[PDB]
Every structure is written in C-alpha cells, then in structure tokens.
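S.K.:
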Amino acid sequence: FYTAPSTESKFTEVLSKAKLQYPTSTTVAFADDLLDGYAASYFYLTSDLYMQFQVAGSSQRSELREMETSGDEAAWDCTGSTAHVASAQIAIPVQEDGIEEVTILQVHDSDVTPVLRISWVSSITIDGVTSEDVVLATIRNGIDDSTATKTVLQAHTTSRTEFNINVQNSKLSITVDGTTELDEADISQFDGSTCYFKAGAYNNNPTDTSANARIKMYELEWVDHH
Ligand SMILES: O=C(O)[C@H]1O[C@@H](O[C@H]2[C@H](O)[C@H](O)[C@H](O[C@H]3[C@H](O)[C@H](O)[C@H](O)O[C@@H]3C(=O)O)O[C@@H]2C(=O)O)[C@@H](O)[C@@H](O)[C@@H]1O
Ligand SMILES: O=C(O)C1=C[C@H](O)[C@H](O)[C@H](O[C@H]2[C@H](O)[C@H](O)[C@H](O[C@H]3[C@H](O)[C@H](O)[C@H](O)O[C@@H]3C(=O)O)O[C@@H]2C(=O)O)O1
C-alpha cells in the first residue's frame, strides 16, 4: 500500500538517471524498475508529493545513485571542465531518537571515498566550536587521508529547503536557499578520480540501531553542462 514516486512526472527524469540501493550498496531497483512503479516502506511517495527515504541500522541506506540513461553508471571526471550540478528540495523531519547523523546528498568517487557528504547532524565540533542540530558539508581531504574539512551550512529546519551542489574544474560549491554556503572549495585531491551523485537517507553512527532515519525530497535532479 505504498504509492510510487514514479507516479509524479517531476521525478521521471531523475529516476531514469538513477538506481536505488537499499539497505546497503546492493541495487534493489534499476531505472526501469523505478519507472515501473517501484515502491516500498523505504522509498515511497507521500500524500503531499514528497519522495521519502527511510532506513534503520548503522551505515544502512535508502539512496539513489546517479546513472546515465544508457544504463552506464555515472563516472564523470571529478575535476573536469564539464560542470555537474545536483539540485534538490529537501524537508528534513525531526529525526527519531537515536538517529545522530543522516547523509542526504553526496558526491562519491568510483571507489570507496565520498568527496562530499551533506548531512544533518545532532552535534558537531569544528575547530573548537560546537553546533547542534545543523546541516553540514564534509569534504574528504584525500583518498589516503581519512580526515575531512567540515562546514556548517544551515541551522536545521523542517521547512522544505533548496540545496544545490555545483562541481566544475577542481572546485565545489554549495548553495542553500539560494545563498552560497560553501564557495569553490578545492577538490583537486580527486584529480584522476571519477565521480557521481547520490541522494536519499544514509544513516551514520546511530545510537539506536532500530530507529528509522527519514528524509523527504520534493524535487531532485542531476545534470551536466558543457
Ligand atoms: O569531528 C570530527 O570531524 C571527527 O571526524 C573523524 O573522521 C570522520 C570524518 O570526518 C568523516 O566524517 C567520516 O565520514 C564517514 C561517514 O561516517 C560514513 O562512514 C561514510 O560512509 O564514510 C565517511 C568517510 O570515511 O569519509 O567519518 C570519520 C570518522 O572517523 O567517523 C575523525 O577525524 C575524528 O578524529 C574527528 O574528531
Ligand atoms: O556513501 C558514502 O559516503 C560511502 C562511504 C563509505 O566509506 C563507503 O565508501 C560507501 O561506498 C559505497 C558507495 O556509496 C556506493 O554505494 C558503492 O556502490 C558500488 C558497489 O560496488 C555496489 O556493489 C554496487 O553494486 O555498485 C556501486 C556503484 O559504484 O554504484 O559501494 C560503496 C561501498 O559500500 O563500499 O559509501
């Protein structure tokens, strides 16, 4: 008894350019499956027309992974001259007790390193400054450096919020409700890597492994420009 996101034409293009991974990195639904009305407790259309992702457990995910319409996985030059843009309108509900960080958008390399995660966090301390209940950008410093540069982007609201990620040349920018919150951060450490976007709910370090992380997207798209 779940309505499919494919019933809304605003999602046709991104679904055609995606596969759905749940609850780990295994694909549960390819583009053709998603367009044919795929729906489940972890991925469905709400009555007010949000695409909702929900998942429980440590490092579990309900997430779309960027694909080409050809069926090739997206694997664009992370630092190339072609711009790659992801845009989403996201409503982040108050998270259930025990949910401590939920990744909602990513730029990931074609191996094992996230270039960028945008996530909601219960708390973060950056250079001695603790912020609570915020949306955060985390950029890994390198493939062989587990550390990352972290930037608070927004105080958490439940209101629908526009996120834009713009990747071009060796630089990455993030706008939140039209305001630049990360301005051409350097990602040259991913020269020679290929990349793709992800969107959904990726549950990071929960304290209750049975609680559900839950993220709602009113719009979502990913595009190139040449
Ligand atoms: O408060 C800190 O900044 C803290 O960060 C620690 O390394 C983090 C790293 O910053 C990053 O957030 C990473 O994120 C993971 C993510 O949790 C998830 O597993 C994803 O799939 O992979 C990401 C990744 O590895 O890039 O998690 C690291 C972590 O150890 O939790 C340390 O640098 C720590 O000393 C520091 O205080
Ligand atoms: O999402 C992250 O931030 C992230 C960081 C962790 O350290 C892992 O690297 C984890 O990487 C995932 C990645 O997000 C993809 O889901 C990837 O999927 C590939 C796998 O080979 C799958 O088997 C799938 O069939 O093809 C996927 C693809 O490239 O699209 O898997 C890794 C991972 O779990 O190691 O995420």
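Under the entry's author numbering, the letters of the sequence shown match residues 0, 23 to 247, in that order. From the three backbone atoms N, C-alpha and C, an ideal C-beta is built for every residue, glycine too.
1. What residues in its chain sit with their C-beta under 7 Å from that of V155, if we drop five residues either side in the sequence?
2. Following a CB-centred definition, is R86 positioned closer than 7 Å to any heavy atom of ligand 1?
3. Roughly how many angstroms separate the alpha carbons of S79 and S91, rounded to a whole number?
4. With DSSP collapsed to three states, give me the class of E89.
5. Keeping to the same chain, check which residues put their C-beta closer than 8 Å to that of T201; ignore five residues upstream and five downstream.
6. Under three-state DSSP, which class holds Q81?
7. Provide the residue span of the alpha helix (DSSP H) that contains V35, from first to last.
8. Over the uninterrupted beta strand (DSSP E) stretch that includes residue 249, give me the two end residues.
9. Return the first residue and the last residue of the alpha helix (DSSP H) that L56 is part of.
10. Does the beta-carbon of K171, which I'm using as the reference point, lie nearer than 7 Å to any heavy atom of ligand 1?
11. What are the complete beta strand (DSSP E) segments, minimum 3 residues, inside the segment 87-160?
12. So the candidates are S214, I160, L55; which of them puts its Cα closest to the Cα of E205?
M.R.: So, from the data block:
1. Take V155, set aside five residues on each side of it, and the residues of its chain with a beta-carbon closer than 7 Å to its own are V142, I145, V173, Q175, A176, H177, in chain order.
2. Outside the cutoff, so no.
3. So the alpha carbons of these two residues sit roughly 33 Å apart.
4. DSSP places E89 in coil when its eight states are reduced to three.
5. Correct list, in chain order: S194, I195.
6. Correct three-state label for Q81: coil.
7. Residues 33-37.
8. An answer regarding residue 249 cannot be provided, because it is not within the stretch 0 to 247 covered by the chain.
9. For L56, the uninterrupted alpha helix (DSSP H) run begins and ends at 52-56, by DSSP.
10. Under cutoff, so the answer is yes.
11. As far as the segment 87-160 is concerned, its whole beta strand (DSSP E) runs of at least 3 residues are 104-112, 122-130, 135-147.
12. Closest option to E205, judged by alpha-carbon separation, among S214, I160, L55: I160.
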